[PDB]
Protein chains: 2
Amino acid sequence: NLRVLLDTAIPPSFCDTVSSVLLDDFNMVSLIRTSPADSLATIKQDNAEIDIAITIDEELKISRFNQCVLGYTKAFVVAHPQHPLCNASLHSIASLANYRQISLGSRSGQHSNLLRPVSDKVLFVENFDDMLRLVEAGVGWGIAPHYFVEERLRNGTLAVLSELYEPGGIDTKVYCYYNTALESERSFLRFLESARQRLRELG
Amino acid sequence: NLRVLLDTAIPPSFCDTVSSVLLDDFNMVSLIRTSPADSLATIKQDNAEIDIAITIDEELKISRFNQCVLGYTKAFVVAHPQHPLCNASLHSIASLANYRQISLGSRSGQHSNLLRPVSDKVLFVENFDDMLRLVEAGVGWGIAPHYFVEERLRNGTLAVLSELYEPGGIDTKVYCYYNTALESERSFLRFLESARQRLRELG
Ligand SMILES: Cn1c2ccccc2c2nnc(SCC(=O)Nc3ccc(Oc4ccccn4)cc3)nc21
Ligand SMILES: Cn1c2ccccc2c2nnc(SCC(=O)Nc3ccc(Oc4ccccn4)cc3)nc21
């Protein structure tokens, strides 16, 4: 058995890439979604007995685990078109601190620098669906994965605020935290390459 | 007068891109190198009266300033070829914690998550030259900008340790911290685009 964590920020396609690859070497292969806010929190419980986390979140040293980049994935800051900040420009791209944000919450209650919300006006949720619902009701703005918002953007339901901050949306790194145990074994090195490849070329 | 900070991690070519662009709008334009470890520390002194910092370092809210991405730049983890970790593989890519690192030091004495060294065996320096000298004498490993190490890598003097962590070297974001003042003024928006462009296409 090889237990595996992908946070909800990882595209569902990546999910297809990994899985295929792993079954080449491994016979029993359990997959687990989690909020990016609960990813590292989860693996840090020994009982949870995770072997491989694929998450966007960062933490420097975690006991028992090693870290590496698999690649990068986009997110966008989004709101209801009519949302005050509709107009995108730089005075808006500091104003966010003043507006209500819909950020992911964490079991841990705590957030990492990467994921801790930016405004003091915050409304916590567990997953990006809860988030985007509330945001479609112009209740706030929020950041969510590219994949989640592709649809709604074309279907004029949602507007982007991010561009004048990071054009092309906000690239963030995808980490593989893995059990030190695996580092030696070629089984993993195999995954890692084959994974990495199909992620970039199709990233 | 427009005062400008580029940390030493920013390529010297970028330096050419910015400068040209700014003089189109601005008549007096002072440029200032700094260690990436002193970049933010500097601008936070009001006396230093900086208008625009181009740095790799991150900090969430800084009073008086706004933040945005200009792009991404590579670094590599390097050592003397004969260095114990020569062989690169995953057991090495946790072993770094155990080896002597040559990290940048800071006037501030303090380091940000991004820049704070990884091993407990550390030797501080001010600039990447000091660093790479010591590293060519296999005294430690260290991370340094792509530009700094291109030469020496081809000239077999230095070996890379990073690949199996982040292949293609370690992409990190380049930030523009800028005086809230500028946000309105088109002069800057101009810089920002024209800058951004020539940085990516030639990144
Ligand atoms: C980074 N990131 C992802 C990346 C990729 C996928 C999911 C997430 C994801 N999901 N949730 C959260 S929590 C919110 C937070 O605190 N971060 C945040 C970071 C950049 C922000 O951009 C701007 C834009 C204009 C002006 C100032 N900042 C705004 C907020 N962050 C996420
Ligand atoms: C990130 N970064 C730059 C980026 C671009 C340009 C300059 C620097 C630059 N200059 N100095 C410093 S200080 C050292 C530190 O604490 N960071 C660090 C970060 C990633 C590391 O990679 C690996 C590799 C294998 C296993 C584990 N980690 C190692 C150390 N960091 C820099």
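Looking for whichever is over 14 Å from the mean Cα position of the chain (by Cα) and crowded, with 19+ Cβ neighbours inside 10 Å here; the options are B:95, B:89, B:194, B:162. Which one fits?
It is B:162.
Take the residues of region B:146-180 that are β-branched (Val, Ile, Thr), more than 10 Å from chain A (Cβ to nearest Cβ) and farther than 21 Å from residue B:53 by Cα: which is farthest from ligand 1 (Cβ to nearest atom)?
The residue in question is B:157.
Just to be sure, is residue A:108 surrounded by 16 or more Cβ atoms within 10 Å (Cβ to Cβ) and small (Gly, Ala, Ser)?
Spelling it out, it is not the case that residue A:108 is surrounded by 16 or more Cβ atoms within 10 Å (Cβ to Cβ) and small (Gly, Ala, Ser).
For residue B:83, indicate whether it is within 14 Å of chain A (Cβ to nearest Cβ), within 15 Å of ligand 2 (Cβ to nearest atom), touching a residue at least 24 places away in the same chain (Cβ under 8 Å) and surrounded by 14 or more Cβ atoms within 10 Å (Cβ to Cβ).
Against the criterion (within 14 Å of chain A (Cβ to nearest Cβ), within 15 Å of ligand 2 (Cβ to nearest atom), touching a residue at least 24 places away in the same chain (Cβ under 8 Å) and surrounded by 14 or more Cβ atoms within 10 Å (Cβ to Cβ)), residue B:83 does not qualify.
Where residues in region A:66-93 are in a helix (DSSP H, G or I) and not small (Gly, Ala, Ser), which of them is farthest from residue A:128 (Cα to Cα)?
Looking at the filtered set, the residue picked out is A:87.
Give me a count of the residues in region B:1-41 that are without any contact (Cβ under 8 Å) to a residue 60 or more places away in the chain and either farther than 30 Å from residue B:116 by Cβ or not polar (S, T, N, Q) (or both).
Of the residues in that region, 18 qualify.
Mind listing just one residue for me: the one in region B:111-145 that is closer than 21 Å to residue A:60 by Cβ, more than 15 Å from the chain's Cα centre (by Cα) and free of Cβ contacts under 8 Å to residues at least 40 places away in the same chain and, of those, nearest to ligand 1 (Cβ to nearest atom)?
Once the filter is applied, the top-ranked residue is B:118.
Can we say residue B:69 is at the interface with another protein chain (Cβ under 10 Å from one of its Cβ atoms), under 30 Å from residue A:186 (Cα atoms) and surrounded by fewer than 19 Cβ atoms within 10 Å (Cβ to Cβ)?
Criteria not met by residue B:69.
Looking at B:119, B:108 in this structure, which one is among the hydroxyl-bearing types (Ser, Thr, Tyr), away from ligand 2 (no atom under 12 Å from the Cβ) and under 24 Å from residue B:173 (Cβ atoms)?
On inspection, the qualifying residue turns out to be B:108.
Only the coordinates and a few stated rules stand behind these numbers; no lab work does. Heads up, the Cβs are rebuilt from the backbone with ideal geometry, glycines too, and the neighbour counts pull from every protein chain shown.
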